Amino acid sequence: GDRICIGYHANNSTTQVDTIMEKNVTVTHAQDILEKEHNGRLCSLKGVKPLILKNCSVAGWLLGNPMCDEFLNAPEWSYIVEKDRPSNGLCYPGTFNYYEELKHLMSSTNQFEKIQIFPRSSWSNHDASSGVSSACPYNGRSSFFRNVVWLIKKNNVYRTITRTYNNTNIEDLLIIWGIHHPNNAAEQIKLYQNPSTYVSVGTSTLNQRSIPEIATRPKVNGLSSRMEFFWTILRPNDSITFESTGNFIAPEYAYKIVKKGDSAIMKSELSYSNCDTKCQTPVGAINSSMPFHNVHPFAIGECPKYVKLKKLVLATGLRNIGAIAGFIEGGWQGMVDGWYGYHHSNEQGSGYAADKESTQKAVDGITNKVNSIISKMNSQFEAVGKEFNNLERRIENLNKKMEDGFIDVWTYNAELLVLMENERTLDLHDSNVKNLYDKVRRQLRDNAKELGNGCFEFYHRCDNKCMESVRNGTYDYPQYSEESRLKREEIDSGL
């Protein structure tokens, strides 16, 4: 007898980590940092609801297609939800110039207030009720975009229109108008008498004369005619003037941009639920407690960072081992209040005491390294939705390559940091156990024989109050010097 041993923790764990050099390394303690679950619902963002467009496209909502809900309350929103191929858009077929730019402006917008600039009932010189069609039904009736007025000749005359709106508000106004492209020349005369007409609109910053492009087109939604829409932002104190002799599709209502901020247009097929989250993806919301996720690259809100992986586990503690009588062999199930420690084999002792002098010194620098690692990606790339028209394929692909590019880079960065510091964390543990050993043997020098399994045998008596002398770096060799100095020349000439 008369022994003491230097040893490390081992316990129930079967969680596994990876390094650069080995896979599936089981460890005592380990911290998952990759969130991979989601709730499949569409939720409010920190208490602010999304704008759910249902089956309507942004164009349909703004122009007020008869099938789309208006938002009379003028609510603010946290983001906008639009299905992948909405069914309710330009019910009257045509185009909507710079549509994609407008959707991009919607991403920085959180609240519209609709206001009337040119009231439907104020066009005295023109027909303001006939402009409706079988292509824009509202309860089976022919109807039209609620927000623009399709003016039509009155009494076979269409007197040249000039009309202005001075924007006296403090807010930017979104203003939408349009122009009508008939099938043929009879149609042009039938609706607007004047055979040759234009739609001119003037701003301080915007000058545009628009001309009816008459052509022969296939029937879309029942018609071969088309309607082309335009939009502009009228700055505070600026004014806009419209002049047309025909084919004018006149704004009735405009949109005051009353709140700018962090918003988004999310393409998703879900509908809303009584649910709230900090982080919303198109396929559902995320419990944003972890630092990384792989649910979906287009998450919005207070989100963890997207990485293309299926596992991401940090190591925090030792490897896991029975495991008998020293550190050379393995870890001690029997140690509980620490990571590295000792074992009293004494005339009274039984064993198992932890050196928390170096144990909290580890839980200090690892759990300060785990936080410091997470924060190293604070500025990691986050992707952002944008759309592109069929003639913008190159910049679409530029944008796709740029976003996939950064996601790959940051995925590489994350995996490497975890693998690299996992190798450093485990090797630290080895180091501490090896260093605990030396602290002990640097003390009991001649008074003890290293057995090479990780323990020392005493050439003297220690007693229990001395087995803390080695624990407290306070054992003095001279205390038992001459004692032991005798009793292993007794080995030298023993049996």
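Numbers follow the displayed sequence, beginning with 1.
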Unresolved deposited positions lying between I321 and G322 come to 4 to 9
Between 303-311 and 335-343, the record assigns the higher mean Cα B factor to 335-343
Higher of the two mean Cα B-factors (241-249, 278-286; per PDB record) comes from 241-249
In this crystal structure's PDB entry, the residue among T95, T367, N221, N183 with the greatest CA B factor is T367
Listed options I52, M467, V58, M67: highest C-alpha B factor recorded at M467
Temperature factor at the Cα of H38, chain-ranked in thirds, falls in the lowest
For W77, the third of its chain by CA B-factor is the lowest
Temperature factor at the Cα of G89, chain-ranked in thirds, falls in the lowest
Entry-reported C-alpha B-factor of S263 relative to its chain, by third, is lowest
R445: CA temperature factor from the record, placed by chain third, in the highest
